[PDB]
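# Topology and contacts: notes
The chain contents come next:
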Protein chains: 2
Amino acid sequence: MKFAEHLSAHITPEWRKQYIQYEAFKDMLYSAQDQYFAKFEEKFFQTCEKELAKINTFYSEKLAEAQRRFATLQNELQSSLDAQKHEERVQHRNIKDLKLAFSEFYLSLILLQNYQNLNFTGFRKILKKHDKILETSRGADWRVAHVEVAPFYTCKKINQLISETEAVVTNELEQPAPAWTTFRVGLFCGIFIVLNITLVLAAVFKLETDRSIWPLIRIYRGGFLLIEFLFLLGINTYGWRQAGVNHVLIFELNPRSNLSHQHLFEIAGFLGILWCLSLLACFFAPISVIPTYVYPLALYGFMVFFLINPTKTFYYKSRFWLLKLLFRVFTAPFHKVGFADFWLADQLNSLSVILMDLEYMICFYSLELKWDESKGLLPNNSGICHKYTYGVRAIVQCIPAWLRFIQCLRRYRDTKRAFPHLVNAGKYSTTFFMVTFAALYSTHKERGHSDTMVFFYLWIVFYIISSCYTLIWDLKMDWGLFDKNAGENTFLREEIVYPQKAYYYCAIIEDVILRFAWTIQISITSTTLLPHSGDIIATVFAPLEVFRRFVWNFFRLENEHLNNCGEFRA
Amino acid sequence: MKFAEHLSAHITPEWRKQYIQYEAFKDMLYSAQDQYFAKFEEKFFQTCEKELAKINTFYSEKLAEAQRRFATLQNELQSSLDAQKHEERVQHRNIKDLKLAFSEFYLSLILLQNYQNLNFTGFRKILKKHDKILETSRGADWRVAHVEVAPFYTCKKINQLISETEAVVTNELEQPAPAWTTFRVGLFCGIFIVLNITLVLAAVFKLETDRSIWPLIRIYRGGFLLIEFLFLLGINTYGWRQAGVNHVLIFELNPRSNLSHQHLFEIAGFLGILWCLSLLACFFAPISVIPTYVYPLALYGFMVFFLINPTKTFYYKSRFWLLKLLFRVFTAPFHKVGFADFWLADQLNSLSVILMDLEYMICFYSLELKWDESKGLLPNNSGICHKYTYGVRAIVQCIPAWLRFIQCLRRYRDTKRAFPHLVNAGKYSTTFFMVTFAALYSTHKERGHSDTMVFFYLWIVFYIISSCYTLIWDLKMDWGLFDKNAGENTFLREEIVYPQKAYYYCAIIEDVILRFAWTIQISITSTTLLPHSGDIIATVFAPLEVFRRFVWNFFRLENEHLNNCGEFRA
Ligand SMILES: CCCCCCCCCCCCCCCCCC(=O)OC[C@H](COP(=O)(O)OCCN)OC(=O)CCCCCCCCCCCCCCCCC
Ligand SMILES: CCCCCCCCCCCCCCCCCC(=O)OC[C@H](COP(=O)(O)OCCN)OC(=O)CCCCCCCCCCCCCCCCC
Ligand SMILES: CCCCCCCCCCCCCCCCCC(=O)OC[C@H](COP(=O)(O)OCCN)OC(=O)CCCCCCCCCCCCCCCCC
Ligand SMILES: CCCCCCCCCCCCCCCCCC(=O)OC[C@H](COP(=O)(O)OCCN)OC(=O)CCCCCCCCCCCCCCCCC
Ligand SMILES: CCCCCCCCCCCCCCCCCC(=O)OC[C@H](COP(=O)(O)OCCN)OC(=O)CCCCCCCCCCCCCCCCC
Ligand SMILES: CCCCCCCCCCCCCCCCCC(=O)OC[C@H](COP(=O)(O)OCCN)OC(=O)CCCCCCCCCCCCCCCCC
Ligand SMILES: O=P(O)(O)O[C@H]1[C@H](OP(=O)(O)O)[C@@H](OP(=O)(O)O)[C@@H](OP(=O)(O)O)[C@H](OP(=O)(O)O)[C@H]1OP(=O)(O)O
Ligand SMILES: O=P(O)(O)O[C@H]1[C@H](OP(=O)(O)O)[C@@H](OP(=O)(O)O)[C@@H](OP(=O)(O)O)[C@H](OP(=O)(O)O)[C@H]1OP(=O)(O)O
Ligand SMILES: CC(C)CCC[C@@H](C)[C@H]1CC[C@H]2[C@@H]3CC=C4C[C@@H](O)CC[C@]4(C)[C@H]3CC[C@]12C
Ligand SMILES: CC(C)CCC[C@@H](C)[C@H]1CC[C@H]2[C@@H]3CC=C4C[C@@H](O)CC[C@]4(C)[C@H]3CC[C@]12C
Ligand SMILES: CC(C)CCC[C@@H](C)[C@H]1CC[C@H]2[C@@H]3CC=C4C[C@@H](O)CC[C@]4(C)[C@H]3CC[C@]12C
Ligand SMILES: CC(C)CCC[C@@H](C)[C@H]1CC[C@H]2[C@@H]3CC=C4C[C@@H](O)CC[C@]4(C)[C@H]3CC[C@]12C
Ligand SMILES: CC(C)CCC[C@@H](C)[C@H]1CC[C@H]2[C@@H]3CC=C4C[C@@H](O)CC[C@]4(C)[C@H]3CC[C@]12C
Ligand SMILES: CC(C)CCC[C@@H](C)[C@H]1CC[C@H]2[C@@H]3CC=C4C[C@@H](O)CC[C@]4(C)[C@H]3CC[C@]12C
Ligand SMILES: CC(C)CCC[C@@H](C)[C@H]1CC[C@H]2[C@@H]3CC=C4C[C@@H](O)CC[C@]4(C)[C@H]3CC[C@]12C
Ligand SMILES: CC(C)CCC[C@@H](C)[C@H]1CC[C@H]2[C@@H]3CC=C4C[C@@H](O)CC[C@]4(C)[C@H]3CC[C@]12C
Ligand SMILES: CCCCCCCCCCCCCCCC(=O)O
Ligand SMILES: CCCCCCCCCCCCCCCC(=O)O
């Protein structure tokens, strides 16, 4: 695909003869590969010099007439304001015609850096293409000897031009997804809606409830949290794009190819059917010979095979990007950290239930599950797997904290700043004390120690420090709120990107309620309180917790683009 | 909505200042209404003269350079052909660039012809709007004395210019619906699919089959037939639009607003969801107190209220367009006939099973249904309603033939041509003899007359008469096939529109096959053969006749657009 034929796709035909004719210069690139060698390798560098001057002459002429039009647009605007200083109703209609003229020139300006960047990207593609076609390194230097020094690239006046246009718009003045991809979202949004209703009815009416269903819920709870996250992240990618925050830049995402919000809802929908089908099948058990415990591996196994597929199909381009990011996060100290590394490494800190539930499924299927009985997923009637023996659950529980804490220490040894790179380590180091004091208390109660209640105090004394540490932190720097430049935006930062100010006030209240209760759940599961209360409270809070991470994703990215608090891009 | 802002909506901004500025004159009109009288009328007969000359000067100049560009393209294309007469690879690449050049030139011709016709429409809207705002007839007189004689309207050279453009393209050279509608279509499709599978499973397993279920099928068949027809008609409109057939013209539809295929798919999906819900509810009967027979009334009454709703919401425009067409069709002799009337009155001829089932439902609910028992839709265990007593079934069966015969007679009386306006009369009149002889056979067999088998031979003899009459007719004039000007397209007409001829051959075979069984289906319903065989053969043949009607609709429109066989537009 080579960026070759898709280059001219996002180019207006009015400049068709003017842009780099990438499709043309490939054709005789393969001519010599099918058909002197030094002459054939130099002619392209002279051919690219033909395109060098063609874009050099046009851009400078366009740039010169753009800044001259910047005088003209200036001459246009305040004169309308001077005209402002039915007659005025036509005048602002004439202004709105001028706002169109400013917008078309802004659109005309928009085309100009594309005439630079698309060409600027268009060059390098044909120079490395020449670089393995003829096995040369001069092309890698030709972009340095010509492109990196060419007038159409070195002069960045076009970048600062729209910077004035955007400013003057805010001072004086003030592609859709393919139809098939939109349809498939509806089809997968409909099969998921009805299938849930039959699941509700099947549990209440058909399936019997005398047998304990606790193992079934604690096994299938892992799947639901992932499906909630992917769908909730689909709303996020729509919010960023609509608001205006350039998530394509902060994420260091591929500038050309990216997943729109419609694409995310399709992956969320498809897994929704498979999860619902597996749960519904386990109830009725239509096969009557295939055991019920084989269905959970079919569901989780399918997702794993979906993610790690070599086949260059089914979102293959975007699947490796996650795989590269996931591995770089897990081996945190061995690599540097960017915004992509930080984001995923933190997202796993609110998805800790899935990692825990993986341990339960592994233990249950290997210690307490009988592979000689058809219905084994539902017990006939006290299992180590759902307990905290040896604190194996505590070790996996602290895994998400380990990834971030190591990253912050690694992020300290490249810049040597105690603030805000070591204070961040404090907020992640508190969760280690959260689980340790919990596990020791529960074991002491089981043994019967007199000072068991002493360990209860620390687990409650250390309960609060964890909550306020991450609450005062998320509300001050991650979101950037509570600033001295509040002005009109009282208790807020000076500039807001999202339309309505009530949303910022709404999330401040919500980020406190769901934070003081979440730290109970991450520590309740270690201790033993009640078999019903050991699930009924962990199943009503875990789907709530991922919602908190969803709203926190709305403001961290905005505060990373407005102020660059993270200093990732400098 | 007055065509006012949507005029400028489908106008390229490059000519925005050149088109009529409908919004400004609307505003001055409401300024008048909010605030001399003749002096008002007089000064806006010159105001439209301002746009009269503005568009007169632009169009004639644009057409003057267009025909000069027509000389230019005639200086361009054969020069490429002369250049045609890797070198030739670059030559034909420049040839394709010149085809692109002719493409935006044709786009500019498109811009010119709408700069004529949309401007023409805007004139008539503003003049008529002035005709009730100030209660004057001069505006219509002005649209006759200036618009109807204007240089930009009287000179139709642009139409033949685009004709020449299409001719040269065929000689030498050779908007998407909003995403919400597509998503809704997908949602309804998925819900329908899952509910159908649930219905099949419930029928096979849960509901008991010892009791007779024939009344349920003979009641619920009509909704399925209607839904199938609507979905197939959506596919029909998609095929028409994609092929190039200008169905906007033959149907005399509104040039601006029309129902694209996805709207039809949405309506079909919604009705399918409702029908499936009604059937599934009738199966389980969850309420256990509400009787099972009220669900068909709920479904059919909801459909009726949907079609007759006064509210100007939910496809209101198309809704009353269909209502007007149906009213004009049913009172056939009192009105003239256009393509819409003929098309709907013929569509109703292949949907007779819906009327038959409506009659059956009326009789069953008025004569044999006990309104004092909850479960009555399923008989406990010989019903006059499902029989053919008095030939009420016969008369409702021949109703559509009566409508079409009356329409053809009215067309003949308004034209006085024995061909082709009287052979159609016999083709539609054979059905009366069909049903009369079938009913007489059945009655005589019930009585036990010796010459009942005489009526058997008479029915069988008239069977082939009815079958070949409409089969030869549909294959010769309605489709236009089997023409002497075959040439390469053997057994076909000289010009074909759809891409592949195998479609034509398959449709010929399909029509010949299915025309000999729909007649059996429409003739058995009067006679009595077997309670199982009565229902089964009709139930497996009814959903096929609508498919045959769809495939006939696929070709009748092409034939009338290509040859004007019906002579409706002359
Ligand atoms: C007891 C049984 C219960 C069973 C429950 C099972 C769960 C049901 C969940 C239903 C999921 C529905 C979500 C699908 C929405 C798809 C919308 C869509 O595709 O529209 C995209 C929309 C328009 O895009 P446009 O601007 O035209 O073009 C964009 C350029 N690419 O642009 C947008 O992206 C904006 C509008 C869409 C995003 C905002 C709203 C989406 C979600 C709203 C709430 C859905 C309900 C959530 C679950 C219930 C909890 C409240
Ligand atoms: C092992 C523990 C697992 C626990 C959960 C951790 C994983 C959670 C899910 C993955 C992370 C969330 C998605 C992050 C992406 C959000 C960023 C965004 O908006 O961009 C979309 C991203 C960019 O892709 P794009 O720009 O097209 O490609 C760049 C290179 N050309 O493109 C993307 O959408 C990237 C994400 C991959 C594509 C969608 C996800 C596919 C995976 C399905 C489920 C995997 C199940 C894992 C096993 C679970 C076992 C219980
Ligand atoms: C990857 C996992 C492996 C594959 C999983 C396969 C799909 C999930 C399981 C589907 C099972 C559907 C029900 C099977 C019925 C088997 C019999 C049964 O238990 O029936 C329950 C109920 C009462 O039946 P009863 O009279 O007791 O039967 C006596 C037997 N002679 O009789 C009924 O069935 C009552 C009606 C309720 C049925 C609801 C079924 C809805 C969902 C089924 C699949 C739909 C798929 C939709 C998506 C596909 C793509 C569009
Ligand atoms: C016991 C179990 C029973 C299970 C079965 C129950 C019934 C299931 C019926 C499912 C019906 C689904 C049909 C919905 C199709 C909608 C597609 C759509 O909207 O796509 C639009 C498509 C592309 O549009 P584009 O050209 O991009 O833009 C047009 C500009 N306005 O434009 C188009 O319209 C062109 C492409 C789509 C139209 C042609 C193909 C549609 C139908 C294909 C066959 C469907 C199956 C029929 C039922 C089975 C019998 C074979
Ligand atoms: C009483 C006996 C009934 C037996 C069956 C007879 C009715 C069959 C269904 C209606 C007729 C078929 C539809 C014809 C449309 C095909 C023409 C076409 O492609 O154009 C769509 C047409 C034009 O609309 P448009 O151009 O937008 O508006 C013009 C004015 N601006 O716009 C249309 O789509 C017009 C049709 C209306 C909109 C869809 C239909 C709504 C009705 C729903 C179901 C009706 C149930 C009737 C009762 C049944 C009782 C058993
Ligand atoms: C226009 C009419 C107005 C609308 C009418 C109502 C909606 C349509 C009918 C829906 C009926 C759903 C099921 C009703 C169950 C009623 C009870 C019953 O008989 O259940 C059957 C079976 C046996 O039940 P049993 O255990 O004997 O009950 C003992 C009571 N304690 O037990 C079972 O239920 C077995 C489990 C299978 C149930 C399958 C249901 C699938 C479809 C349900 C509706 C789907 C939603 C549609 C779309 C929603 C919106 C998008
Ligand atoms: O779509 P992708 O998988 O990303 O591959 C394309 C393209 O692949 P094709 O050779 O099959 O067309 C190649 O473009 P060229 O460099 O050969 O011109 C090259 O990838 P491969 O050589 O490995 O096939 C290139 O780089 P990359 O895959 O790293 O992205 C990339 O084009 P883009 O860089 O524009 O995406
Ligand atoms: O949306 P529609 O139903 O098509 O009605 C609009 C518009 O209605 P409104 O007055 O409510 O905006 C009127 O436009 P004017 O002719 O008054 O400028 C007029 O309909 P009514 O006067 O009956 O309301 C006109 O005619 P029609 O409804 O017959 O189509 C039609 O605008 P268009 O003719 O451009 O479609
Ligand atoms: C989340 C990532 C790290 C993977 C999941 C955690 C893995 C490493 C955990 C989860 C369940 C764990 C097992 C659970 C129970 C037992 C029984 C006992 O003999 C100790 C080891 C053994 C066999 C554990 C080995 C490690 C294990 C497989
Ligand atoms: C996280 C994803 C990969 C899901 C994990 C599924 C796989 C890795 C797990 C789930 C259940 C596991 C099995 C559970 C029990 C036993 C019996 C033991 O005597 C040998 C290992 C064996 C056979 C395990 C092998 C690994 C296994 C199949
Ligand atoms: C940098 C430092 C502070 C990080 C420490 C993280 C690791 C080493 C800590 C965090 C949680 C801890 C566990 C928490 C609870 C228990 C249960 C107890 O019966 C034995 C020790 C054991 C199993 C702990 C072992 C050490 C542990 C895994
Ligand atoms: C339940 C209460 C206490 C807290 C819940 C807060 C929820 C409802 C609020 C907090 C932040 C909000 C978002 C803030 C900004 C945007 C962008 C806007 O263009 C569409 C709405 C959207 C996407 C909002 C959706 C609703 C939202 C998620
Ligand atoms: C298709 C259009 C014309 C409407 C449907 C046909 C109507 C007119 C038909 C269908 C069912 C018919 C009824 C069926 C049975 C009987 C019983 C007997 O006492 C004769 C009249 C009566 C009561 C009929 C009256 C006319 C009727 C209501
Ligand atoms: C064509 C569409 C509207 C479907 C027809 C539904 C309506 C018109 C029909 C269906 C069943 C019918 C009812 C069937 C039986 C009776 C009992 C009789 O003593 C009085 C009339 C009455 C009460 C009928 C009135 C009309 C009725 C409600
Ligand atoms: C112009 C002419 C040819 C059209 C004739 C159409 C009408 C009048 C015809 C067509 C179908 C006919 C009916 C068909 C069957 C029977 C059953 C029989 O036991 C009595 C007569 C009766 C009820 C017929 C009466 C007349 C009828 C209604
Ligand atoms: C069953 C056999 C004997 C006959 C069935 C005929 C069917 C399959 C054929 C007959 C005519 C065909 C159509 C002819 C033309 C068009 C338009 C084209 O752009 C897409 C295919 C489409 C929409 C075809 C769909 C399939 C079709 C309806
Ligand atoms: C579960 C039944 C579904 C039946 C309908 C399936 C409709 C989608 C078919 C897609 C085929 C391939 C086209 C993909 C186009 C694209 O990549 O956008
Ligand atoms: C059964 C659950 C459905 C929930 C999701 C419903 C999504 C559709 C909402 C429609 C709102 C109106 C939007 C109309 C816009 C348009 O006309 O294109």
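Looking at the entry header, you'll see cryo-EM listed as the method and 3.8 Å as the resolution.

Going through the model one piece at a time under the given rule, you end up with 92 aromatic pairs over all chains. A ring pair is formed by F302 of chain A and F306 of chain A, whose centres lie 6.4 Å apart and whose planes are at 15°; its orientation type is stacked. On the criterion of helical spacing, the pair formed by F302 of chain A and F306 of chain A is a turn pair, its members being 4 residues apart in helix α12 (residues 294-307). Of the residues examined, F302 of chain A reaches a relative accessible area of 37% and is grouped as partly exposed. Ring geometry for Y441 of chain B and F456 of chain B: centres 5.2 Å apart, planes at 85°, overall edge-to-face. Note that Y441 of chain B is positioned in helix α20 (residues 423-447) and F456 of chain B in helix α21 (residues 452-478), a separation of 15 residues in sequence.

A few words now on helix α14 (residues 294-308) of chain B. One turn of an α-helix holds 3.6 residues; hence residues three or four places apart share an orientation. Residue and element names in this part refer to chain B. Between the first and last C-alpha of α14 there are 21 Å, a value that for 15 residues agrees with the 21 Å anticipated at 1.5 Å per step. Considered for burial, the residues of α14 that qualify are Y295, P296, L299, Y300 and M303. End-on, the buried residues of α14 take up no more than an arc of 125°, which puts them together on one face. Contacts from the buried residues of α14 go to α11 (214-243), α13 (261-284) and α17 (352-368).

Attention now moves to the domain arrangement of chain A. Considered domain by domain, chain A is made up of domain 1 (8-173) and domain 2 (179-562). Here domain 1 of chain A and domain 2 of chain A have C-alpha centroids that lie 44 Å from each other.

With that out of the way, let us pick up the nonpolar core. Membership of the largest hydrophobic core comes to 106 residues, with the highest contact counts inside it found for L216 of chain A together with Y220, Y365 and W479 of chain B. With sequence-adjacent residues up to four places away left out, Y365 of chain B is seen in contact with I219, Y293, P296, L297, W371 and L377 of chain B.

A separate point is the packing of helix α5 (residues 77-84) of chain B against helix α9 (residues 157-173) of chain B. All names here are of chain B. Between α5 and α9, whose axes approach to 11 Å, the crossing angle comes to 5°. Relative to α9, the element α5 is oriented roughly parallel. Where α5 approaches α9, its residues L77, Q78 and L81 are matched on the opposing element by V168, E172 and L173. Looking at side-chain class alone, the contact of α5 with α9 contains 4 nonpolar, 1 polar and 1 charged residues.

Before going further, it helps to examine the site of ligand 2. Residues and elements named next belong to chain A. Close to ligand 2 lie 20 residues; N254, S257, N258, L259 and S318 are nearest. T237 is positioned with one of its side-chain polar atoms (N or O) 3.4 Å from an oxygen atom of ligand 2. Here an oxygen atom of ligand 2 and a backbone polar atom of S257 are 3.2 Å apart. Protein chains shield 89% of the accessible area of ligand 2, which is 1,100 Å² for the free molecule. Of all the secondary-structure elements, those providing two or more residues to the shell around ligand 2 are α9 (214-243), α11 (261-284), α12 and α13 (316-330). For the shell around ligand 2, the element with the most residues is α9, which contributes 4 residues. Counted by class, the shell around ligand 2 contains 15 nonpolar, 5 polar and no charged residues.

What follows covers the environment of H561 of chain B. Relative to the elements of secondary structure, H561 of chain B occurs in helix α23 (residues 531-563). Sequence-distant contacts of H561 of chain B, defined by excluding residues within four places in its chain, comprise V245, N246, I250 and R569 of chain B.

Aligned on chain B, chain A shows an RMSD of 0.4 Å; the corresponding rotation is 180° and the shift along the axis is 0.0 Å. Within this description, the copies of the chain are treated as partners about a two-fold rotation axis. Taking the C-alpha atom as reference, chain A places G186 of chain A closest to the rotation axis, 1.8 Å from it. Counting the interface residues of chain A, we find that 94% of their copies in chain B are interface residues as well, pointing to one common contact surface.

Reading guide: rules and limits
Residues numbered from 1 in each chain as written, not as in the entry; some residues may be left out. Chains lettered and ligands numbered in written order. Heavy atoms only, no water. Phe/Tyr/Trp six-rings, centres within 6.5 Å; stacked < 30°, edge-to-face > 60°. Helix = DSSP H or I, 4+ residues; strand = E, 2+ residues; numbered from the N terminus. Buried < 20%, exposed > 50% of the residue type's maximum accessible area, 1.4 Å probe, protein only. Expected span 1.5 Å × (residues − 1). Arc of directions from axis to C-beta. Contact = heavy atoms within 4.5 Å. Domains from an automatic or database assignment. Core = buried A, V, L, I, M, F, W, Y, C linked by side-chain atoms within 4.5 Å. Axes fitted to C-alpha atoms, helices over the stretch in contact; angles between N-to-C directions. Parallel < 35°, antiparallel > 145°, perpendicular 65-115°, else oblique. Nonpolar A, V, L, I, M, F, W, Y, C, P; charged D, E, K, R; others polar. Near = heavy atom within 4 Å. Polar contact = N/O pair within 3.5 Å; in protein donor to acceptor, adjacent residues only side chain to side chain. Areas by Shrake-Rupley, 256 points an atom, 1.4 Å probe, with all protein chains shown as cover. Least-squares fit on C-alpha atoms.

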